[PDB]
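Down below is the structure, laid out as structure tokens.
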Amino acid sequence: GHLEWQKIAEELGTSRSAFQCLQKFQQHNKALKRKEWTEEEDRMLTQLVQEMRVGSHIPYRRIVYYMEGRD
DNA sequence: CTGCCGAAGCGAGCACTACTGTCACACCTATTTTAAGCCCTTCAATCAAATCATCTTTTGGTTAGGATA
Numbered sequence: 313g314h315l316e317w318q319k320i321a322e323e324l325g326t327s328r329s330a331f332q333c334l335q336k337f338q339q340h341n342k343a344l345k346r347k348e349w350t351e352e353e354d355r356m357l358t359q360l361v362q363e364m365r366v367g368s369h370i371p372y373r374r375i376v377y378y379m380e381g382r383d
């Protein structure tokens, strides 16, 4: 279930640890790197942009702290 | 017309280190020779702290490997 990555590393059998396995998976996890879009992400992105943006300047990536699976 | 002697307030003795006239002998330095240790300067050889140049780790945006909504 993408959980207990110590067990995942042990099952891998190449002497990897949980942290390395998780790092590699997250760097190649479609669920994390959101090529997709969701309604709540769009709504909250619009809300934060409208709250903060002045003129043509918006906090393009500082919104990522609030919305998951982004950069 | 001059002169004696009282009343009250004072007082005593007991309770089983600054100068000056001399004076000779100290102070003082003329140099020799070591043997290991001296203080300060003064520059030179070596060092290490800080700064610059460039490779690289990651933080916002564009590209065409890559994808949903």
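With the entry's author numbering, the residue at position 9 of the first sequence is 321, and numbering never jumps. Just so it is clear, CB atoms sit at the ideal spot from N, CA and C, and this is done for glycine as well.
Could you check whether residue 370 and residue 376 sit closer than 8 Å to each other, using their CB atoms as the reference points? no
Taking the continuous alpha helix (DSSP H) assigned at residue 355, which residues delimit it? Residues 351-364.
Terminal residues of the continuous alpha helix (DSSP H) containing residue 345? Element bounds for residue 345: n/a, residue is neither H nor E.
Only counting the same chain, and skipping five residues up and downstream in sequence, which positions put a Cβ closer than 8 Å to that of residue 344? 338, 381
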